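Worksheet for the structure shown next.
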Amino acid sequence: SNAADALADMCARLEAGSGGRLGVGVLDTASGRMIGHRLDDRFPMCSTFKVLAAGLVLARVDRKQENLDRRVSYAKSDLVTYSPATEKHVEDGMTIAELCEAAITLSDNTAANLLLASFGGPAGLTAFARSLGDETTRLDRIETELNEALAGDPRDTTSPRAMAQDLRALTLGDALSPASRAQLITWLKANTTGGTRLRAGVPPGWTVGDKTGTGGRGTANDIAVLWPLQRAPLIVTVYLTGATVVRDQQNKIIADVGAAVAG
Ligand SMILES: [Cl-]
Ligand SMILES: [Cl-]
């Protein structure tokens, strides 16, 4: 109880100065126990949905319904804001693996839309979430419209508990084959967008795989698998929405949650 109470306390106090709502899930794989703050509240996913999207691609690969080497051609009209890799390959296309890599490690938005188009879109991804036992998450829109984060709007949302359970299932559990779960871990570990969030707050000896999300109405998120030194892995989800402090402070709040998980 003391660890649960202490973390819930530190989250309430951070949330008070942020102006918004702070949701935190910490799943300790040694025990199966989950602690945190606002565990069952709804938060906009923003780019955190891309972990589920890459997971569904790999689950389809496991079933011979998709091939990581399949090439996708696309047009300039498919490009949306924040597409650093896909904007360079309009002429030559990208493989499904390259699109997953760009969606996870750079948060490339067109790459994620092309993955959504490969498997039935937002409704197809939501059906995959239901297959993991997740009755909470729902994706409704594609990039960039899903980042609106309107107050109280349930579209494009998850909960800290639901996403932590899904991230555990896809990386450490058995939702994916051993080859596919290792590939997803590799992409998460190679993420380039998380240096000011959980990675900045956890002890430097820990290994981190993560996916960020950022959106309107003061929304900043980070979800991660954390490997401590001589302690079982943790799954940590952090969702901040409705923050009214400046963006740099939202990043610091997430880093400070990372520090609280470790301490
Ligand atoms: Cl199946
Ligand atoms: Cl659920």
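Nothing fancy with the numbering, it's 1 onward along the sequence. As a basis for the values below, the full set of heavy atoms in this structure was taken, side chains included, without hydrogen atoms, waters or symmetry mates.
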For residues 167-176, which side-chain N or O atoms pair as donor and acceptor with protein atoms under 3.5 Å away, sequence neighbours left out?
| from | atom 1 | to | atom 2 | distance (Å) |
| --- | --- | --- | --- | --- |
| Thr171 | OG1 | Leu167 | O | 2.7 |

* Report the residues that fulfil side chain to side chain donor-acceptor pair (under 3.5 Å) with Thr126, sequence neighbours left out, ordered by chain and then residue number. => none

* **Under the side chain to side chain donor-acceptor pair (under 3.5 Å) test, residues paired with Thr144 that sit two or more places apart** => none

Please report, to 0.1 Å, the donor-acceptor pairs under 3.5 Å made by any side chain of residues 38-46, with sequence neighbours excluded.
| from | atom 1 | to | atom 2 | distance (Å) |
| --- | --- | --- | --- | --- |
| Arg38 | NE | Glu15 | OE1 | 2.8 |
| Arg38 | NH1 | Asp41 | OD2 | 2.9 |
| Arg38 | NH2 | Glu15 | OE2 | 3.3 |
| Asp40 | OD1 | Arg161 | NE | 2.7 |
| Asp40 | OD2 | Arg161 | NH2 | 3.0 |
| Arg42 | NH1 | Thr136 | O | 2.9 |
| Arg42 | NH1 | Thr157 | OG1 | 2.8 |
| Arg42 | NH2 | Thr136 | O | 3.1 |

* Asked: Taking only residues two or more places apart in sequence or in another chain, which ones pass salt bridge (charged side-chain N to carboxylate O under 4.0 Å, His left out) with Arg138?
  -> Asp140

* Asked: For residues 198-217, which residue pairs qualify under salt bridge (charged side-chain N to carboxylate O under 4.0 Å, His left out), counting only residues two or more places apart or in two chains?
  -> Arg199-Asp210

* Asked: Do any pairs count as a side chain to side chain donor-acceptor pair (under 3.5 Å) and have a residue in residues 1-11, sequence neighbours left out, and if so which ones?
  -> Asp9-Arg13

* Does any pair with a residue in residues 75-98 pass salt bridge (charged side-chain N to carboxylate O under 4.0 Å, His left out), and if so which ones, sequence neighbours excluded? -> none

* To do: Not counting sequence neighbours, which residues clear salt bridge (charged side-chain N to carboxylate O under 4.0 Å, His left out) with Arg247? List them please.
  => none

* Output every pair passing salt bridge (charged side-chain N to carboxylate O under 4.0 Å, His left out) with a member in residues 221-238, not counting sequence neighbours, ordered by first then second residue. => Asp28-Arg231

* Only pairs at least two apart or in different chains count here, so list each side chain to side chain donor-acceptor pair (under 3.5 Å) that has a residue in residues 43-56. => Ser47-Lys50, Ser47-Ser107, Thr48-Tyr239, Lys50-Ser107, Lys50-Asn109

* **side chain to side chain donor-acceptor pair (under 3.5 Å) involving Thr137 - partner list, sequence neighbours excluded** => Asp134, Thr158

